[PDB]
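Chemist: Got final_21.cif for you, mmCIF, C-alpha atoms and all ligand atoms:
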```cif
data_protein
loop_
_atom_site.group_PDB
_atom_site.id
_atom_site.type_symbol
_atom_site.label_atom_id
_atom_site.label_comp_id
_atom_site.auth_asym_id
_atom_site.auth_seq_id
_atom_site.Cartn_x
_atom_site.Cartn_y
_atom_site.Cartn_z
ATOM 1 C CA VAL A 1 111.171 104.316 85.662
ATOM 2 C CA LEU A 2 107.982 103.654 87.564
ATOM 3 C CA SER A 3 104.718 105.447 86.923
ATOM 4 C CA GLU A 4 103.101 107.459 89.680
ATOM 5 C CA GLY A 5 100.464 104.705 89.988
ATOM 6 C CA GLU A 6 103.171 102.120 90.490
ATOM 7 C CA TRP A 7 104.882 104.195 93.181
ATOM 8 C CA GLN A 8 101.510 104.610 94.923
ATOM 9 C CA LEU A 9 101.082 100.825 95.028
ATOM 10 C CA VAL A 10 104.590 100.432 96.449
ATOM 11 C CA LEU A 11 103.968 103.004 99.147
ATOM 12 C CA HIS A 12 100.510 101.661 99.925
ATOM 13 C CA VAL A 13 101.859 98.234 100.781
ATOM 14 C CA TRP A 14 104.822 99.767 102.579
ATOM 15 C CA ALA A 15 102.410 101.538 104.951
ATOM 16 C CA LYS A 16 101.210 98.019 105.851
ATOM 17 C CA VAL A 17 104.823 96.901 106.502
ATOM 18 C CA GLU A 18 105.082 99.845 108.896
ATOM 19 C CA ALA A 19 102.376 98.482 111.205
ATOM 20 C CA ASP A 20 104.944 95.825 112.274
ATOM 21 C CA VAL A 21 108.395 96.516 110.870
ATOM 22 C CA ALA A 22 110.063 94.125 113.310
ATOM 23 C CA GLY A 23 107.929 91.171 112.466
ATOM 24 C CA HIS A 24 108.138 91.740 108.709
ATOM 25 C CA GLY A 25 111.883 92.019 109.032
ATOM 26 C CA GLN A 26 112.130 88.781 111.040
ATOM 27 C CA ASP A 27 110.034 86.843 108.501
ATOM 28 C CA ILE A 28 112.081 88.266 105.619
ATOM 29 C CA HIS A 29 115.407 87.301 107.200
ATOM 30 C CA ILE A 30 114.197 83.866 108.201
ATOM 31 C CA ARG A 31 112.937 83.225 104.632
ATOM 32 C CA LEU A 32 116.183 84.553 103.165
ATOM 33 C CA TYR A 33 118.463 82.345 105.317
ATOM 34 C CA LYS A 34 116.257 79.301 104.814
ATOM 35 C CA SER A 35 115.804 79.684 101.008
ATOM 36 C CA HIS A 36 119.414 80.675 100.309
ATOM 37 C CA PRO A 37 121.637 79.353 103.127
ATOM 38 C CA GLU A 38 124.863 80.834 101.767
ATOM 39 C CA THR A 39 123.540 84.284 102.820
ATOM 40 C CA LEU A 40 123.568 83.587 106.568
ATOM 41 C CA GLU A 41 127.331 83.122 106.540
ATOM 42 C CA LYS A 42 127.691 86.919 106.151
ATOM 43 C CA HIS A 43 126.450 87.407 109.726
ATOM 44 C CA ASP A 44 128.740 86.017 112.409
ATOM 45 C CA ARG A 45 126.436 87.148 115.203
ATOM 46 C CA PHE A 46 123.533 85.137 113.750
ATOM 47 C CA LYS A 47 125.204 81.775 113.156
ATOM 48 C CA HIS A 48 124.305 80.226 116.459
ATOM 49 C CA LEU A 49 120.600 80.735 115.630
ATOM 50 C CA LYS A 50 119.677 77.277 114.360
ATOM 51 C CA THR A 51 115.863 77.183 114.411
ATOM 52 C CA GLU A 52 113.130 79.566 113.338
ATOM 53 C CA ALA A 53 112.114 80.135 116.956
ATOM 54 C CA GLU A 54 115.696 80.986 117.893
ATOM 55 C CA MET A 55 115.779 83.489 115.044
ATOM 56 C CA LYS A 56 112.489 85.095 116.202
ATOM 57 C CA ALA A 57 113.680 85.219 119.768
ATOM 58 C CA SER A 58 116.881 87.020 118.871
ATOM 59 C CA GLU A 59 116.653 90.700 119.742
ATOM 60 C CA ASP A 60 119.899 91.272 117.751
ATOM 61 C CA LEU A 61 118.343 89.854 114.618
ATOM 62 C CA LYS A 62 115.058 91.653 115.251
ATOM 63 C CA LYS A 63 116.787 95.032 115.565
ATOM 64 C CA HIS A 64 118.867 94.315 112.466
ATOM 65 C CA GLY A 65 115.727 93.626 110.405
ATOM 66 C CA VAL A 66 114.275 96.979 111.504
ATOM 67 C CA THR A 67 117.540 98.693 110.505
ATOM 68 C CA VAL A 68 117.317 97.057 107.091
ATOM 69 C CA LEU A 69 113.659 97.769 106.381
ATOM 70 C CA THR A 70 113.942 101.321 107.720
ATOM 71 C CA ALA A 71 116.683 102.058 105.165
ATOM 72 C CA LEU A 72 114.755 100.343 102.388
ATOM 73 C CA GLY A 73 111.497 102.103 103.209
ATOM 74 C CA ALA A 74 113.276 105.531 103.199
ATOM 75 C CA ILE A 75 114.632 104.681 99.785
ATOM 76 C CA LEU A 76 111.259 103.570 98.378
ATOM 77 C CA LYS A 77 109.616 106.791 99.607
ATOM 78 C CA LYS A 78 111.950 108.852 97.439
ATOM 79 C CA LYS A 79 110.364 107.239 94.347
ATOM 80 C CA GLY A 80 113.713 106.716 92.503
ATOM 81 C CA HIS A 81 115.333 109.951 93.690
ATOM 82 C CA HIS A 82 117.520 108.029 96.088
ATOM 83 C CA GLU A 83 121.231 108.698 95.375
ATOM 84 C CA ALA A 84 121.823 110.307 98.767
ATOM 85 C CA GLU A 85 120.267 107.334 100.567
ATOM 86 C CA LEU A 86 121.895 104.640 98.415
ATOM 87 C CA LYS A 87 125.498 105.807 98.643
ATOM 88 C CA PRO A 88 126.065 105.032 102.314
ATOM 89 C CA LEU A 89 124.294 101.706 101.859
ATOM 90 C CA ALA A 90 126.455 100.817 98.815
ATOM 91 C CA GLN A 91 129.593 101.951 100.565
ATOM 92 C CA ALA A 92 128.964 99.601 103.489
ATOM 93 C CA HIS A 93 127.841 96.613 101.460
ATOM 94 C CA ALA A 94 130.549 96.899 98.769
ATOM 95 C CA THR A 95 133.529 97.755 100.866
ATOM 96 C CA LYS A 96 132.774 96.309 104.280
ATOM 97 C CA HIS A 97 130.231 93.477 104.084
ATOM 98 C CA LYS A 98 130.872 92.383 100.429
ATOM 99 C CA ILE A 99 127.275 91.514 99.447
ATOM 100 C CA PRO A 100 126.871 90.463 95.816
ATOM 101 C CA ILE A 101 123.947 91.733 93.790
ATOM 102 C CA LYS A 102 122.643 88.137 93.609
ATOM 103 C CA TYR A 103 122.114 88.203 97.405
ATOM 104 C CA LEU A 104 120.109 91.418 96.958
ATOM 105 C CA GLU A 105 117.997 89.492 94.454
ATOM 106 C CA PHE A 106 117.536 86.792 97.086
ATOM 107 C CA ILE A 107 116.366 89.262 99.781
ATOM 108 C CA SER A 108 114.112 90.915 97.205
ATOM 109 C CA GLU A 109 112.469 87.532 96.605
ATOM 110 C CA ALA A 110 112.052 87.145 100.363
ATOM 111 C CA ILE A 111 110.514 90.641 100.667
ATOM 112 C CA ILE A 112 108.007 89.864 97.894
ATOM 113 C CA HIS A 113 107.158 86.476 99.490
ATOM 114 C CA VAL A 114 106.546 87.950 102.908
ATOM 115 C CA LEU A 115 104.521 90.929 101.624
ATOM 116 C CA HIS A 116 102.312 88.492 99.715
ATOM 117 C CA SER A 117 101.970 86.166 102.726
ATOM 118 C CA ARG A 118 100.934 88.961 105.059
ATOM 119 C CA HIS A 119 98.991 91.276 102.745
ATOM 120 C CA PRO A 120 97.472 89.361 99.875
ATOM 121 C CA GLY A 121 94.493 91.688 99.588
ATOM 122 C CA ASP A 122 96.895 94.592 99.185
ATOM 123 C CA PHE A 123 99.513 92.788 97.129
ATOM 124 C CA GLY A 124 97.854 91.512 93.997
ATOM 125 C CA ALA A 125 99.448 91.287 90.570
ATOM 126 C CA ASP A 126 99.816 94.963 89.858
ATOM 127 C CA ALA A 127 101.191 95.734 93.310
ATOM 128 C CA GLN A 128 103.649 92.820 93.090
ATOM 129 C CA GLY A 129 104.732 94.132 89.675
ATOM 130 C CA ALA A 130 105.200 97.652 91.050
ATOM 131 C CA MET A 131 107.267 96.369 94.024
ATOM 132 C CA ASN A 132 109.266 94.184 91.681
ATOM 133 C CA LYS A 133 110.052 97.225 89.514
ATOM 134 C CA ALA A 134 111.013 99.290 92.543
ATOM 135 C CA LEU A 135 113.355 96.619 93.917
ATOM 136 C CA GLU A 136 114.837 96.107 90.431
ATOM 137 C CA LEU A 137 115.581 99.860 90.266
ATOM 138 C CA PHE A 138 117.143 99.684 93.729
ATOM 139 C CA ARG A 139 119.379 96.789 92.641
ATOM 140 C CA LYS A 140 120.355 98.462 89.355
ATOM 141 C CA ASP A 141 121.324 101.683 91.070
ATOM 142 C CA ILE A 142 123.183 100.029 93.940
ATOM 143 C CA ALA A 143 125.127 97.925 91.373
ATOM 144 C CA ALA A 144 126.302 101.106 89.643
ATOM 145 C CA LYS A 145 127.321 102.518 93.034
ATOM 146 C CA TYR A 146 129.157 99.267 93.831
ATOM 147 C CA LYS A 147 131.201 99.582 90.663
ATOM 148 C CA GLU A 148 132.019 103.234 91.399
ATOM 149 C CA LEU A 149 133.559 101.939 94.641
ATOM 150 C CA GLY A 150 135.505 99.241 92.739
ATOM 151 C CA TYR A 151 133.336 96.251 93.678
ATOM 152 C CA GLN A 152 131.987 94.042 90.863
ATOM 153 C CA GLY A 153 129.697 91.794 92.948
HETATM 154 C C1 LIG B 201 117.099 95.498 101.049
HETATM 155 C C2 LIG B 201 118.431 95.170 101.098
HETATM 156 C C3 LIG B 201 119.291 95.591 102.177
HETATM 157 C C4 LIG B 201 119.238 96.810 102.962
HETATM 158 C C5 LIG B 201 118.396 97.964 102.848
HETATM 159 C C6 LIG B 201 120.238 96.746 103.931
HETATM 160 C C7 LIG B 201 120.545 97.679 104.891
HETATM 161 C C8 LIG B 201 121.537 97.552 105.811
HETATM 162 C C9 LIG B 201 121.848 98.523 106.803
HETATM 163 C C10 LIG B 201 121.127 99.849 106.927
HETATM 164 C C11 LIG B 201 122.904 98.103 107.555
HETATM 165 C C12 LIG B 201 123.514 98.884 108.749
HETATM 166 C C13 LIG B 201 124.680 99.795 108.499
HETATM 167 C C14 LIG B 201 125.877 98.953 108.185
HETATM 168 O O1 LIG B 201 126.519 98.353 109.113
HETATM 169 O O2 LIG B 201 126.198 98.845 106.977
HETATM 170 C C15 LIG B 201 123.223 96.823 107.089
HETATM 171 C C16 LIG B 201 124.255 96.037 107.652
HETATM 172 C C17 LIG B 201 124.630 94.772 107.170
HETATM 173 N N1 LIG B 201 124.228 94.140 106.049
HETATM 174 FE FE1 LIG B 201 122.603 94.805 104.902
HETATM 175 N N2 LIG B 201 120.917 95.600 103.672
HETATM 176 C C18 LIG B 201 120.354 94.793 102.743
HETATM 177 C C19 LIG B 201 120.725 93.494 102.292
HETATM 178 C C20 LIG B 201 121.703 92.719 102.799
HETATM 179 C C21 LIG B 201 122.022 91.400 102.400
HETATM 180 C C22 LIG B 201 121.381 90.746 101.330
HETATM 181 C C23 LIG B 201 123.063 90.949 103.183
HETATM 182 C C24 LIG B 201 123.789 89.740 103.120
HETATM 183 C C25 LIG B 201 123.323 88.503 102.776
HETATM 184 C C26 LIG B 201 123.403 91.969 104.079
HETATM 185 C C27 LIG B 201 124.458 91.854 105.051
HETATM 186 C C28 LIG B 201 124.735 92.882 105.981
HETATM 187 C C29 LIG B 201 125.727 92.802 106.983
HETATM 188 C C30 LIG B 201 126.623 91.720 107.209
HETATM 189 C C31 LIG B 201 125.654 93.988 107.735
HETATM 190 C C32 LIG B 201 126.472 94.338 108.847
HETATM 191 C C33 LIG B 201 125.658 93.877 110.041
HETATM 192 C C34 LIG B 201 126.326 94.110 111.361
HETATM 193 O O3 LIG B 201 126.816 95.229 111.671
HETATM 194 O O4 LIG B 201 126.386 93.167 112.187
HETATM 195 N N3 LIG B 201 122.531 92.986 103.784
HETATM 196 N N4 LIG B 201 122.382 96.547 106.006
#
```
Would you put the structure from the file into structure tokens?
Modeler:
Amino acid sequence: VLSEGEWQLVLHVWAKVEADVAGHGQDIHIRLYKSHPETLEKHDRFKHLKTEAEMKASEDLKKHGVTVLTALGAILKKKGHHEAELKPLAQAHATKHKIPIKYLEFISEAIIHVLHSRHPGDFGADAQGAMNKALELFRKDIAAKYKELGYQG
């Protein structure tokens, strides 16, 4: 469980994300695919994007990153009370897309990296720790929902 202080730090940096959701989402996806190339194979519509500039230029990828961060931000704002928001997400990623928990660790690393790169004055040690705890809780709870659906990834 996170303390109220830790949730406030999470939501404080998230308000910064919200000034440019698209760009944060592009940088996160580009970092993810570059750091952990096995992840990009899950997206057939993104495979022809070979360079960073091609990735940034893709409206499809840009919209997808907003879809992703919108869902995540709605989850974070519930401060752990997120079952109703996690179920549809788990259902899609366990039954349709088949995304192992390890890939959710990889995108968590990419989120932390990009938040630090863009907002270092608002993402110091305690804020990084708070966001780490929140993403860990997200991953723990989505893993339990995965197993309820019969997926052990
Ligand atoms: C913070 C973590 C993540 C969040 C919040 C998130 C959210 C979403 C949302 C809201 C959708 C749209 C509804 C749907 O079609 O299911 C989606 C689609 C998708 N997700 Fe994720 N997701 C995350 C991580 C990942 C990761 C790590 C991968 C794979 C490496 C992945 C692969 C996909 C794929 C393949 C789709 C379908 C895209 C399409 O329709 O073309 N996601 N995600």
Chemist: Given 8 Å on each side, where is the centre and what are the edge lengths in Å to one decimal of the axis-aligned box enclosing the listed atoms of ligand LIG 201 (chain B), as lines of an AutoDock Vina configuration file?
Modeler:
```
center_x = 122.0
center_y = 94.2
center_z = 106.6
size_x = 25.7
size_y = 27.3
size_z = 27.1
```
Chemist: Give me, as a ChimeraX atom specification, all polymer residues having an atom no more than 10 Å from residue 151 in chain A, counting all atoms listed in the file and skipping those fewer than 6 positions away in the same chain.
Modeler: /A:90-91,93-95,98-100,143-145
Chemist: Please tabulate, as a Markdown table, the residues of chain A that come within 7 Å of ligand LIG 201 (chain B), each with its closest pair of atoms and the distance in Å to one decimal, counting all atoms listed in the file and ordering rows by chain, then residue number upward.
Modeler:
```
| residue | atom | partner | partner_atom | distance |
| --- | --- | --- | --- | --- |
| A:39 | CA | B:LIG201 | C25 | 4.2 |
| A:40 | CA | B:LIG201 | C25 | 6.2 |
| A:42 | CA | B:LIG201 | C30 | 5.0 |
| A:43 | CA | B:LIG201 | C30 | 5.0 |
| A:45 | CA | B:LIG201 | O4 | 6.7 |
| A:67 | CA | B:LIG201 | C10 | 5.2 |
| A:68 | CA | B:LIG201 | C7 | 4.0 |
| A:69 | CA | B:LIG201 | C5 | 5.9 |
| A:71 | CA | B:LIG201 | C5 | 5.0 |
| A:72 | CA | B:LIG201 | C5 | 4.4 |
| A:89 | CA | B:LIG201 | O2 | 6.2 |
| A:92 | CA | B:LIG201 | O2 | 4.5 |
| A:93 | CA | B:LIG201 | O2 | 6.2 |
| A:97 | CA | B:LIG201 | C30 | 5.1 |
| A:99 | CA | B:LIG201 | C24 | 5.4 |
| A:103 | CA | B:LIG201 | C22 | 4.7 |
| A:104 | CA | B:LIG201 | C22 | 4.6 |
| A:106 | CA | B:LIG201 | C22 | 7.0 |
| A:107 | CA | B:LIG201 | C22 | 5.5 |
| A:108 | CA | B:LIG201 | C1 | 6.7 |
```
Chemist: Determine the nearest neighbour of residue 96 in chain A from the options A:17, A:135, A:74, A:149, counting only C-alpha atoms.
Modeler: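 Looking at the shortest contact to residue 96 in chain A, the residue is A:149.
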Chemist: Check which residues satisfy the PyMOL selection byres (((chain A and resi 3) around 12) and not hetatm) in the file shown, then give them as JSON, numbers by chain.
Modeler: {"A": [1, 2, 4, 5, 6, 7, 8, 9, 10, 79, 80, 126, 129, 130, 131, 133, 134]}
Chemist: Could you state the separation of CA of residue 57 in chain A and CA of residue 23 in chain A in Å, given to one decimal place?
Modeler: 11.0 Å
Chemist: Check the smallest atom-to-atom distance from each of A:29, A:139, A:78, A:102 to residue 62 in chain A using only C-alpha atoms, then report the winner.
Modeler: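 With only C-alpha atoms as the atom set, the closest residue is A:29.
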Chemist: Please determine, counting all atoms listed in the file, which residue among A:76, A:112, A:66, A:142 has the shortest atom-to-atom distance to residue 15 in chain A.
Modeler: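 Counting all atoms listed in the file, the residue closest to residue 15 in chain A is A:76.
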Chemist: For residue 13 in chain A, work out the shell of residues within 8 Å, counting all atoms listed in the file and skipping chain neighbours fewer than 5 positions away, then give it as a list in words.
Modeler: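 Non-adjacent residues within range: residues 115, 119, 122, 123 and 127 of chain A.
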Chemist: Tell me, in Å to one decimal, how far CA of residue 128 in chain A is from CA of residue 88 in chain A.
Modeler: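 Separation between CA of residue 128 in chain A and CA of residue 88 in chain A: 27.1 Å.
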Chemist: Out of A:109, A:73, A:118, A:153, which residue has the shortest atom-to-atom distance to residue 136 in chain A when counting only C-alpha atoms?
Modeler: A:109
Chemist: Neighbourhood query: residues within 10 Å of (116.4, 90.6, 113.7), file coordinates, counting all atoms listed in the file; return as a PyMOL selection string.
Modeler: chain A and resi 22-30+46+55-68
Chemist: If you measure from CA of residue 51 in chain A to CA of residue 113 in chain A, what distance in Å do you get, rounded to one decimal?
Modeler: 19.6 Å
Chemist: Considering only C-alpha atoms, can you say which of A:33, A:114, A:138, A:146 comes closest to residue 16 in chain A?
Modeler: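 With only C-alpha atoms as the atom set, the closest residue is A:114.
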